[PDB]
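**Q** Next input, structure requested:
(2 chains)
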Number of protein chains: 2
Amino acid sequence: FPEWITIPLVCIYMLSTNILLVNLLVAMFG
Amino acid sequence: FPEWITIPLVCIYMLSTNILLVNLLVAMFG
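**A** Numbering: from 1, shown residues only, chains lettered A, B, ... in the order given. The structure is reproduced below:
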């Protein structure tokens, strides 16, 4: 349970979720 | 560290970030 290696995981998870969400929205409008 | 001259800096920073973000979104949809 190392935090110094946990923080990048949450960072990348949030980045991936945000990029997927924006891609979904833009594709839907198109 | 004068606050009376600090507040305009944060105000302009927020304004610039918001305008850039909206421009990005609109350009992406276009």
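**Q** Close to chain B: what parts of chain A are there?
**A** Taking Cβ under 8 Å from any Cβ of the partner chain as the contact definition, chain A meets chain B at A:22, A:26, A:29, A:30. C-beta here means a position set from N, CA and C on the backbone, and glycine is covered the same way.
**Q** could you dump these to CSV with distance to residue A:16, neighbour count and secondary structure?
**A** Supplementary listing: the residues of chain A next to chain B in CSV, determined by distance: Cβ to Cβ, whole Å; neighbours: other Cβ atoms under 10 Å in any protein chain shown; DSSP: H, G, I helix; E, B strand; the rest coil:
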residue, distance to residue A:16, neighbour count, secondary structure
A:22, 11, 12, helix
A:26, 16, 12, helix
A:29, 21, 8, helix
A:30, 21, 6, coil
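**Q** Go through the residues you listed and name the one nearest residue B:8.
**A** The shortest distance between residue B:8 and any of the residues of chain A next to chain B, using Cβ to Cβ, involves residue A:22 and amounts to 31.5 Å.
**Q** now the helices: where do they sit in chain A?
**A** In chain A, the helices defined using DSSP state H lie at A:7-29.
**Q** how much space is there between residue A:28 and residue A:21?
**A** Separation of residue A:28 from residue A:21 (Cβ to Cβ, to the nearest Å): 11 Å.
**Q** Could you check which of the two has the larger neighbour count?
**A** When neighbours are counted by other Cβ atoms under 10 Å in any protein chain shown, residue A:28 and residue A:21 differ, and residue A:21 comes out ahead with 10 against 7.
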